[PDB]
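Below: one structure, written as structure tokens.
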Amino acid sequence: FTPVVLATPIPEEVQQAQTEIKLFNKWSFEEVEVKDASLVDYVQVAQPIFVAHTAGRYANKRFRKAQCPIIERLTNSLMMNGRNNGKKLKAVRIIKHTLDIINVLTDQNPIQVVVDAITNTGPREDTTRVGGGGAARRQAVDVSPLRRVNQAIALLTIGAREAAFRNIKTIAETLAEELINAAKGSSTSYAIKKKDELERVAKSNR
Amino acid sequence: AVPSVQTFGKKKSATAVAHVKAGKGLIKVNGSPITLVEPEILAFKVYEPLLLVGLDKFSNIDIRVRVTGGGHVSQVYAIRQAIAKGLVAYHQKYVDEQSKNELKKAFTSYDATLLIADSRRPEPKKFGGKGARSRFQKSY
Amino acid sequence: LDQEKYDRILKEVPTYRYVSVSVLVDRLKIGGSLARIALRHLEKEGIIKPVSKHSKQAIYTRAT
Amino acid sequence: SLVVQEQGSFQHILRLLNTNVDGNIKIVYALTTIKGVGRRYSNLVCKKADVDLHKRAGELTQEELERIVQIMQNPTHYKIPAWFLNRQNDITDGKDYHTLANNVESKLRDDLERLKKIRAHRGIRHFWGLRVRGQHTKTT
Amino acid sequence: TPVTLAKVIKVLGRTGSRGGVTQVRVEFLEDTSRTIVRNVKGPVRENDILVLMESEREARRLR
Amino acid sequence: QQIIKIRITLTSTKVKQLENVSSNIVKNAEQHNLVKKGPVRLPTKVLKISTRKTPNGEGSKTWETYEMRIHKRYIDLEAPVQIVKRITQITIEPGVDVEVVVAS
Amino acid sequence: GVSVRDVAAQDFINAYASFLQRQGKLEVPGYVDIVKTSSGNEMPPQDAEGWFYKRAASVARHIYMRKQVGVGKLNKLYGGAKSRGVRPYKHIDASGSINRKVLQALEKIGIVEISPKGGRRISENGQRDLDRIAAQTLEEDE
Amino acid sequence: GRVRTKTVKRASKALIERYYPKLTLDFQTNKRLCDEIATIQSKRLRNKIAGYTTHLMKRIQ
RNA sequence: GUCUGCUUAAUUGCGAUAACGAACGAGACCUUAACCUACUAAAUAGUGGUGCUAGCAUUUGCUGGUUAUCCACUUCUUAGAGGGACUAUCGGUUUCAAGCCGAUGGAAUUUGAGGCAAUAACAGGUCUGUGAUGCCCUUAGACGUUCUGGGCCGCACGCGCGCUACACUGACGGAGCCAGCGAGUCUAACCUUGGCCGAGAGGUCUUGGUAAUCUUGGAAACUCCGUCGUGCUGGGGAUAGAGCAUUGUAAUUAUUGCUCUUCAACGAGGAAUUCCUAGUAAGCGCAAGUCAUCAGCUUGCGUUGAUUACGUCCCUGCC
């Protein structure tokens, strides 16, 4: 379907791939959606990144954290463990990996199972520190859904991190070993074995 | 004659020079065309703008982009601005005027840099403490 | 390294779908130094068909 | 290129200088479970030697155990450039030589007890159990 | 496990010692005209669909 | 009539005497009509001597950044041994240095 | 029509490396297996080999890319920082020696030359020998 | 903040008395004018007088 | 006068007022980072055109090399003059006062940032910077001067400031392969290439450079292409044995480095408790300040670069 014939052959593989089409031309963001009502509105499915980097003026305006592409509040977290602190290009050479080890293992739309590790991974029934005295109760109150997803990424990063940690497994195989088992969530993961562990510290205090 | 018109590029440090003339195909960056990107993961940064539009348009439009300033990712927007910049400097001086309006409603959508370079500064440093808003240790 | 480590390997790593070198130390356990070898070997029409990149990860896979 | 079919002459622990070695470890070390040798005299006695640098410590012809006990101990002969060295000028017996396994432990020893006969300050500050290089250590 | 999804109407006044709590009305999306006044924890607005499996505790204003 | 291609190289601490001298310069020389350029205008050096404020450790750690900002400024000018000398003598002034690095 | 630029930064590396491995002319200086290149590397080059024929296409593509330079220039380039250990990590300038001797061996055939102002300029051959071999490394990409 | 000042108000409030007629809200036509009238220090100060004024003729009507 | 109130980064300003109008501070001002396709010039910055030219195409093309082959340029890169922004323009929001949001244009939270920093002081520190200096003491068996040797580096331990790491989101390796702040030799040894000798650490011949003119355009995080495969490892690099080097009259209480082997803890850090609102937090480097050397510090820069608010008086602290 029409190869440009410009000396400089700038691809006919990444020309039929991204002319016919938008979006990162490995994963098609194209009939992939969200299945809950609450975390629509507060989790971009995608404005087109044709890669997984925007300057990023996301915290001036008290909200736009919203407008922030999910994929690039993720690579965002990983950003740590302190020593890397700064490295985004190590963090996209790692999640540009992650989306191939979900596609490969399940056989899914993996950018969706990326999204289903969001709404499922969110703590709703959550506590707060009432002050209150020397001792009081964590009046149990359901976060906005704003906060929720702040946690739903935050959680996931503090347990697929120890898994490489004296580990044969290179976060690419533990991250996708968390999201497949965190959406099926299961409890072989770390959210649905803390998310539940905060529901479950509240259900009393309440 | 030559028909040439033409521009600069600017993101936090350096420049490019799009010499957008009349030839046959080419898109030379640093003495090395764009298939040959440079920090080859970001590689897709510049690949959006040839296709964000017809790889159709840029057959006509020849860009020898020299790239100085500004560590590797600085200039990446500087050479992005400049292929669009002039995208409308060709589509302003040369190719009409609604071809700058059909564009900029394509190119305005990622509503990003692309067209308008970044604003943000590095903050000056001070006395006492080390990157910027840091104050030295405390005592008692 | 003896001769029920390579033929456990090849009859187990044609339709064995997801692989690496963390895949041969957790499934076939000892080695790794060697492993990135009897995987990659060949690449005879009946070993692994990959979507692998560089060095730093070698993410391989199914001939079919 | 494959899993190499290692027969048992894979032999599974090794013994070089009485001083232990392990036998399915990637060599240059293994020559490093030793005194007085460490991946630099080790990547010469293997290049001046007909070696593998990727073989293990068990997988060792013996013509490659006795040539690799042998360059070791000799020093100037299979080009050992003498700056390459520790017993740099004896200064008691010159000499161009190597202080080894059992022997870096009784020569560490015999260098302190040509300056404790003296009564000076390179082996009297080793003598008070506290350090000779000039600093103030208290923390440690 | 019955989930009642309740929509926030009127964000009211700030609370808590540390400003960790807003107050909150809510309009029950899924039974409109009910208009209960719970609490929540977040940096809120009007229209944050809000999630409660606890239908209902109706809450009172915490130092 | 021996021609010479002189080069005029200035420096001061005030942008107001100084600018004064390539207005006077290049219009006490286009009177003379000379073959010249226009007041070239060289990167602004610009010294910041950090110093603490106190006379004695004591006292918070409480510092200064005083500096001379020159505006370096040069020119051109042909003309024999007669009408570069009548030009160098005239601009005559407070604040300022003129060299005549001559090009015979 | 067919460039050194039009082609990548490690195929030309490994496909002039297996050209200058299999030329024999190239000479190979006597402290070019042992000796640590750079002194903060502990490890010399992990090849021990014809890094010398991988530093013979680097050096060489590197010249031509610019005008002229070398030996106290390929002195600031090939090393990196330092491993000071404990002491906050520090640049270290190689050893002018090996490429002060490939630069006097490239001098031999007609690849690299001495640029007037002086020091290494590729000749007029030389370049002939890099536009022949950027078009033989463009067809392992094609 | 964004909170206005005396020198400013009391400079527009003196002005607004005489010059309601030349008077406007395109404030970029006052800015010019507001020099021919006041004898102002600054450029910044001046751009904050007329800002206020335009906050008079936009509510006066 | 110097204030109920509203106002701000602010005794910063409208307004209320037997209080009228001024001085210092703050702000104004000076430094630097941004912008000027208008000026003024550049074989110590670079363009095309020009040959001379070295390759691939042969299609005129594409890829070069050339401190002069010539010139012509001045976006670039430097840098002088200069200009330029005031929260501007409507819209709101208010005592329709001072002010505060938002969206457009814009290069552009006090434009960012420092530096100067009254009023009164503190018995804070310092005669161990002084040939600034009171008064005591010292004056040749001196507490003054100087050749040596060790000493401030001595450890069961108590307390701060810090470096690498508990991984496959990493460690090892080829192969891509990228800045900015500097500095620098003169009366003599500061930077060193290049081209050799050394596995290396280096050695050296010889070279340039009082420096946009030389080393000096090639720094690391990384993209490359993979080996390692959940094995305290192929994370960890402790402590050790020798040699070989490179300085230093002195290398011992190994100044550093290399060459190879010994393979110490720790498997994410309790009662505590810091610093931080934008190129900001933090990590990967390097040039200077020492200096003969020996940085795990001091300063300064950039190259990648986000979370989180953009608000309160719960606290402390001070007004």
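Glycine gets a Cβ as well: all are built from the backbone with ideal geometry, and neighbour counts include every protein chain shown. None of the figures in this text is laboratory data; all of them are computed from the coordinates on show.
Observations
- Segment G:20-35 residues near the modelled D:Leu53 label - backbone nitrogen below 16 Å, point 7 Å along Cα→Cβ: G:31-35
- Backbone N within segment F:77-104 under 17 Å of label point (7 Å from F:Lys27 Cα along the Cβ vector): F:91-92
- Listed by chain and number, the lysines placed with their C-alpha closer than 20 angstrom to that of F:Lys37 are F:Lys5, F:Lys27, F:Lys72, F:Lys85; residues fewer than eight positions away on the same chain are left out.
- Taking the charge dipole of the protein assembly as shown about its Cα centre, with +1 at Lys and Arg Cβ atoms and -1 at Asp and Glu Cβ atoms, the residue from A:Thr128, A:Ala191, B:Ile83 reaching farthest to the positive side is A:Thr128.
- A crude spin-label estimate for the pair H:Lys31 and B:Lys130, with each label 7 Å from Cα along the Cβ direction, gives 4.5 nm.
- Selected from E:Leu62, E:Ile9, E:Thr35, residue furthest toward positive end of dipole (chain E; charges at beta carbon): E:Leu62
- In segment A:101-176, one over the average inverse separation of all distinct C-alpha pairs is 15.0 Å, which is the Kirkwood hydrodynamic radius.
- The calculated FRET efficiency for F:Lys37 paired with H:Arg44, based on their beta-carbon distance and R0 = 45 Å, is about 0.75.
- Dimensionless Rg/Rh of chain A - Kirkwood Rh, Rg from C-alpha atoms: 1.03
- Part-to-part distance (alpha-carbon centres) for segment G:1-29 and segment C:13-50, which is given in Å: 33
- Listed pairs B:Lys24/B:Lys105; B:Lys24/G:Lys73; D:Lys79/G:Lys101; B:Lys100/H:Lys22 exceeding 31 Å between Cα atoms: B:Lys24/G:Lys73; B:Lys100/H:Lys22
- Since only A:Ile102, A:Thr8, A:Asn150 are under comparison, the one whose Cα sits farthest along the positive direction of the charge dipole of chain A, derived from C-beta charges on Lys, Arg, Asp and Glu, is A:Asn150.
- Gyration tensor (Cα) of segment D:60-140, equivalent ellipsoid semi-axes in angstrom: 33, 16, 12
- Counting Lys and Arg as +1 and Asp and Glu as -1 over every other residue whose Cβ lies under 11 Å from the Cβ of A:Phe50, the net charge comes to +2.
- Dipole magnitude of chain E about its Cα centre (Cβ charges: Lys, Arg +1; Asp, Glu -1), debye to nearest 20: 520
- Convex hull volume per residue for segment A:163-202, taking Cα atoms only, in Å³: 66
- Set of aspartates and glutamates with alpha-carbon distance to F:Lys45 below 13 Å, sequence-local pairs under 8 removed: F:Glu67
- Its Cα centre serving as origin, the protein assembly as shown has a Cβ charge dipole (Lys and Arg +1, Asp and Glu -1) of approximately 6180 debye.
- Label-point separation, C:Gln3 to A:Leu6 (7 Å along Cα→Cβ), nm: 5.6
- Here the label points at G:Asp141 and G:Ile114, each 7 Å from Cα along the C-beta direction, are separated by 3.4 nm in the simple model.
- Prolate/oblate/rounded call for the protein assembly as shown, Cα gyration tensor, a/c under 1.5 rounded: oblate
- Hits among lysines - C-alpha to C-alpha of A:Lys90 under 20 Å, sequence gap 8 or more where chains match: A:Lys26, A:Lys169, B:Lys45, C:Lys53, C:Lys56
- Efficiency of FRET between C:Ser33 and F:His71 - r from beta-carbon atoms, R0 60 angstrom, step 0.05: 0.35
- Per-residue mean of foreign Cβ neighbours for B:35-48 is 4 (Cβ atoms of other chains, 10 Å radius).
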